[PDB]
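Notes follow the structure.
Start at 1 with the first residue, then count along the sequence. Counting starts at 1 for both ligands and their atoms, following the listed order. Computed from heavy atoms alone, side chains included, the values below leave out hydrogens, waters and symmetry copies.
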Amino acid sequence: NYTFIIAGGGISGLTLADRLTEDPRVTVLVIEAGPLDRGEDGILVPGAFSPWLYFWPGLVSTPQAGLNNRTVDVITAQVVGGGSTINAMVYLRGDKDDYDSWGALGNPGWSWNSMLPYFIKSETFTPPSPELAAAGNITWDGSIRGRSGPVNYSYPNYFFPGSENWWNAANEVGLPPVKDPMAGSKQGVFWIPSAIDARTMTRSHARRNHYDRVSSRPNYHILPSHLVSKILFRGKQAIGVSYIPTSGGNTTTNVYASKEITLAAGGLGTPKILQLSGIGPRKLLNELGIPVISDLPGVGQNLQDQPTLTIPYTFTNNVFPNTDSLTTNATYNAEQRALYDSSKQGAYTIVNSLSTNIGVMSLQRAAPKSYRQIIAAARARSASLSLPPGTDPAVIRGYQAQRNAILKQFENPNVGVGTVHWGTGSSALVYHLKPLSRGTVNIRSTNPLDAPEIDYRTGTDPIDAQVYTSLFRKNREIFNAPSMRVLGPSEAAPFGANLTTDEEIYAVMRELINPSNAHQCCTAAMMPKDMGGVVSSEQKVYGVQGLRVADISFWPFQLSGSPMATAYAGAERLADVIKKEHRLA
Ligand SMILES: Cc1cc2c(cc1C)N(C[C@H](O)[C@H](O)[C@H](O)COP(=O)(O)OP(=O)(O)OC[C@H]1O[C@@H](n3cnc4c(N)ncnc43)[C@H](O)[C@@H]1O)c1[nH]c(=O)[nH]c(=O)c1N2
Ligand SMILES: *[C@@H]1O[C@H](CO)[C@@H](O[C@@H]2O[C@H](CO)[C@@H](O)[C@H](O)[C@H]2NC(C)=O)[C@H](O)[C@H]1NC(C)=O
Ligand SMILES: *[C@@H]1O[C@H](CO)[C@@H](O)[C@H](O)[C@H]1NC(C)=O
Ligand SMILES: *[C@@H]1O[C@H](CO)[C@@H](O)[C@H](O)[C@H]1NC(C)=O
Ligand SMILES: *[C@@H]1O[C@H](CO)[C@@H](O)[C@H](O)[C@H]1NC(C)=O
Ligand SMILES: *[C@@H]1O[C@H](CO)[C@@H](O)[C@H](O)[C@H]1NC(C)=O
Ligand SMILES: *[C@@H]1O[C@H](CO)[C@@H](O)[C@H](O)[C@H]1NC(C)=O
Ligand SMILES: O=[N+]([O-])c1ccc(O)c(O)c1
Ligand SMILES: O=[N+]([O-])c1ccc(O)c(O)c1
Ligand SMILES: [Cl-]
Ligand SMILES: [Mg+2]
Ligand SMILES: [Mg+2]
Ligand code: NA
């Protein structure tokens, strides 16, 4: 046996396994669906970024009712290190009220104040060079960035010149410099912190910082290329798991834990292990003939992501060099790669197609003249309208509680709802951080090799389009500001300056929005059971003992931010919670 078995070796699972194995008396087995990465340049080198190397195969959405019935490929990691291995390295905390809100949903011990020590513990920030900080407008608050923890983060050591035009344009249209977007607010523009190790200018993924770093430990066991197919019980006690080869061989093996089973299989993997195990909605489990261990209608409910929109541009006078120079100028690409290979300088320190700065805005900052109208529409509409009729009443109550917290965020000048970015080339990116829409992920069968049904339900809540349209218009203000007009931008078809009404704009958005930035969360939510929750404030699955959810399945709702930094910090916090209960070193 092992002391603990962890299902999924992604950000959350490896962070937890690392910390638990600090006690030599504690053995851990991490069972991970994907292989070890091979240190490929497409993983390690930012400018070579190749995320597709380790996408989970064979996942497709249902037709998306809110997006013209489009079906999309579903993107999530299948590799040791999980999303950290293949993500764009964007390393950002949420805003204070995100965590305060999770606490106010009925989770004692959850707040910005309680998370801050764990954000700090998680990481080591390496400052940029002083000349780059001065030239680039890179600022930070050293008091609230970690100095000693395992996740390395820093910045690229270069910026494209057009990033300057964009920064000044953003400032011209009400997005001011942010001193530190890690300080619990991020209203305006700032350099993107990147999960890079500055001594080599390579990715600091969880494979490295929470496994390789500590892989001399004989008590830290890993089994790549295997799937946890079921949790095993003695009565209501979780005692073990079954696992199978990911490649589908007709072999099944049982392994047992003396203390706990931890699920860390991600937003799209954790609910499937629970449902196959008899933990889930009795309607679904009864339909499939799965005996019910714990009737929890929230399992697989409440799916969220953070939609994206790519806006195409042409320019009469774009500045050289820019991100597209890497793809259209072989000489420039070769010279920048040679530069990186020699002295680790230049464009290859930036994740491919990204720039170095970004903007985040509250609803009132996006829509100063109309945000009250959006809030009124959202306040007027019954929460139940966002979910199908016959949704479990506990799931509706939890959704209503989330919705009320998000409407307070809409009123808050210090909580973000959307992002604007320009890579310096042919497209801009606009992200919707705070959707009110909610989706599902449900097993289709008892076959552990079968993909679940994944329905994002993007744009089913009509408030989302109102918010997203406002974010689009703010992006258009940046491109129209004096500092950007000198580059001669114009929106390209199917967008265009000739689309002036909300209806004209959103009709194109409905055809182009991607439901996902691979930020899937919230499908095993941490809320009271009578609110459709799956886990307690201690991340224990209701109705069974010895079973927790560590991955971002547990989140109630999305952050003003991207998930990675909080995925690390939340697993740092859970490690301490488990150590305290079991009196570990
Ligand atoms: C391409 C891409 C791009 C981005 C991002 C993701 C991806 C895929 N993200 C999102 C972020 O990386 C993600 O939200 C976190 O990795 C989630 O961490 P978890 O621990 O919840 O799951 P994570 O996905 O890290 O790990 C879950 C693991 O479980 C495994 N698994 C699933 N089912 C299993 C089973 N039954 N048995 C065994 N193993 C199983 C999977 O193979 C996977 O490795 C991101 N975030 C951000 O902040 N900045 C960014 O730049 C980006 N960009
Ligand atoms: C990545 O973070 C780690 C953790 O803070 C840094 O590791 C320290 O590195 C210094 C110098 O090599 C050592 O003196 C310390 O003993 C290390 N501390 C730990 C606890 O490992 C590492 O330096 C970081 N990377 C960069 C670029 O700073
Ligand atoms: C999507 O499909 C449904 C039937 O499943 C249909 O009623 C609806 O009109 C379609 N939506 C669009 C935008 O075509
Ligand atoms: C930095 O900010 C200053 C002051 O607004 C501005 O003049 C300058 O162009 C900015 N540079 C970059 C690279 O953002
Ligand atoms: C797997 O092996 C068992 C035991 O031999 C057998 O009964 C079953 O048919 C096999 N299943 C498949 C999918 O081949
Ligand atoms: C291509 O890049 C090189 C190397 O930086 C530069 O000298 C040249 O002018 C570029 N060519 C074009 C057409 O931009
Ligand atoms: C509107 O502009 C778009 C984008 O350039 C172009 O496709 C289209 O021809 C324009 N529409 C009309 C009516 O000219
Ligand atoms: O969710 N998606 O659709 C994504 C997210 C990130 C990616 O790099 C990608 O190629 C697709
Ligand atoms: O700046 N932010 O807050 C961001 C940046 C990137 C993201 O993908 C995100 O979801 C939020
Ligand atoms: Cl491997
Ligand atoms: Mg220095
Ligand atoms: Mg300055
Ligand atoms: Na430098």
Side-chain angles (χ1 to χ4, degrees), residues 6-16 30-38 49-56 74-94 132 134-139 159-168 170-172 176-177 189 191-195 205-207 222-230 241-244 246 263-273 276 305-306 351 354 356-357 448 452 483 516-521 549-555 558-559 561-568 570-571:
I6 299 174
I11 293 184
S12 303
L14 298 183
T15 299
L16 179 58
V30 176
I31 305 169
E32 162 55 39
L36 290 157
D37 78 73
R38 302 184 183 258
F49 182 51
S50 303
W52 49 82
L53 291 177
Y54 296 103
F55 291 166
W56 193 293
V74 166
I75 305 308
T76 203
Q78 191 185 69
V79 61
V80 176
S84 74
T85 304
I86 63 169
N87 68 23
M89 292 169 53
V90 172
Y91 187 85
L92 283 171
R93 301 172 188 172
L132 195 78
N137 299 316
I138 318 178
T139 63
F159 55 91
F160 294 112
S163 70
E164 191 161 353
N165 299 73
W166 187 91
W167 178 274
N168 293 319
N171 292 171
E172 289 159 355
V189 293
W191 274 63
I192 301 167
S194 180
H205 57 309
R207 160 66 187 285
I222 58 155
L223 182 64
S225 301
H226 290 75
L227 293 165
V228 170
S229 56
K230 208 180 280 188
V241 301
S242 306
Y243 67 83
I244 68 179
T246 305
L263 306 186
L268 301 178
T270 285
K272 164 173 172 182
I273 294 171
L276 283 171
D305 209 313
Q306 296 179 309
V351 169
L354 266 61
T356 43
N357 54 21
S483 293
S516 174
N517 205 5
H519 297 180
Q520 300 91 343
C521 80
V549 175
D551 65 271
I552 78 170
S553 294
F554 83 87
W555 296 1
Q558 290 284 355
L559 305 172
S562 61
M564 165 165 57
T566 301
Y568 284 112

Which residue and non-hydrogen atom of the protein lie closest to [atom], and at what distance in Å?
atom	answer
atom 35 (C) of ligand 1	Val228 N, 3.8 Å
atom 5 (C) of ligand 1	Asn87 CB, 3.3 Å
atom 30 (C) of ligand 1	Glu32 OE1, 3.3 Å
atom 9 (O) of ligand 4	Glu164 OE2, 2.7 Å
atom 29 (O) of ligand 1	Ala265 CA, 3.4 Å
atom 26 (O) of ligand 1	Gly10 CA, 3.3 Å
atom 21 (O) of ligand 1	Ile552 N, 3.1 Å
atom 6 (C) of ligand 4	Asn168 OD1, 3.6 Å
atom 39 (N) of ligand 1	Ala33 N, 3.1 Å
atom 49 (N) of ligand 1	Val90 O, 2.8 Å

Answer whether the closest heavy-atom distance between the side chains of [X] and [Y] falls below 4.5 Å.
X	Y	value
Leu36	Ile222	yes
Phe554	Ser12	no
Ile244	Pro448	yes
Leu354	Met89	no
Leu92	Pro193	yes
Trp166	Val189	yes

Are the side chain of [X] and the backbone N or O of [Y] linked by a donor-acceptor pair below 3.5 Å?
X	Y	result
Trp191	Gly136	yes
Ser84	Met564	no
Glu164	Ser483	no
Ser242	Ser229	no

Q: Work out which heavy atom in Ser553 is nearest to a heavy atom in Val549; give both atom names and the distance.
A: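 Shortest heavy-atom separation between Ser553 and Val549 comes out as CB-CG1, 4.0 Å.
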
Q | Nearest heavy atoms of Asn171 and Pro177, plus distance in Å | A |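 Scanning both residues completely, I find the closest heavy atoms to be ND2-CD, 3.7 Å.
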
Tell me which one of [options] gets a heavy atom nearest to [atom].
atom	options	value
atom 27 (C) of ligand 1	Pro224, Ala264, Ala518, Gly269	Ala264
atom 14 (O) of ligand 1	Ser225, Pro35, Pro563	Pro563
atom 41 (C) of ligand 1	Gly561, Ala77, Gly266, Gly8	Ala77
atom 1 (C) of ligand 4	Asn165, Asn137, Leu132	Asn137

State whether the shortest distance between N or O atoms of [X] and N or O atoms of ligand 1 falls below 3.5 angstrom.
X	answer
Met89	yes
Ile75	no
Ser12	yes
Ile86	no
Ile11	yes

Would you mind listing which atoms of ligand 1 come within a distance below 4.0 Å of any non-hydrogen atom of [X]?
X	result
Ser562	47 (C), 48 (O), 49 (N)
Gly83	12 (O), 16 (O), 23 (P), 24 (O), 25 (O)
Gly82	25 (O), 26 (O), 44 (O)
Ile273	36 (N)
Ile31	38 (C), 39 (N)
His519	9 (N), 10 (C), 45 (C), 46 (N), 52 (C)

Atoms of ligand 4, numbered as shown, that sit under 4.0 Å from any heavy atom of [X]:
X	result
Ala135	11 (N), 12 (C), 13 (C)
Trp167	2 (O), 14 (O)
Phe159	13 (C)

Q) What part of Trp56 sits under 4.0 Å from ligand 1 if we count only heavy atoms: the side chain, the backbone, both or neither? A)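 Answer for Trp56: side chain.
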
**Q.** For ligand 1, the portion of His226 having any non-hydrogen atom under 4.0 Å away
**A.**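 Backbone only.
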
(Q) Parallel, tilted or perpendicular, judged at 30° and 60°: which one describes the rings of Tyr568 and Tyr91? (A)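 Rings of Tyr568 and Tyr91: tilted, as their planes differ by 30° to 60°.
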
Q. Hey, what do you get for OG1 (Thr76) to NE2 (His519), rounding to the nearest 0.5 Å?
A.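 Nearest 0.5 Å value for the OG1-NE2 distance: 10.5 Å.
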
Q | CG on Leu227 to NZ on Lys272, rounded to 0.5 Å | A |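 Between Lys272 NZ and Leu227 CG, I get 7.0 Å after rounding to 0.5 Å.
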
(Q) Determine whether any protein heavy atom is located less than 4.0 Å from atom 4 (C) of ligand 4. (A)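 It does not; no protein heavy atom is within 4.0 Å.
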
Q: Show the numbers, then the answer: is there a side-chain contact (heavy atoms from CB on, under 4.5 Å) between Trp52 and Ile75?
A: CA-CA 9 Å; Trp52 49 82; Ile75 305 308; over 6 Å; no

**Q.** Candidate pair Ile138 and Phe159, rule side-chain contact (heavy atoms from CB on, under 4.5 Å), full reasoning
**A.** CA-CA 11 Å; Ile138 318 178; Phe159 55 91; over 6 Å; no

Q. With distance as the sole criterion, is a donor-acceptor pair present between the side chains of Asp551 and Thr270 under 3.5 Å?
A.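 A donor-acceptor contact under 3.5 Å links the two side chains.
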
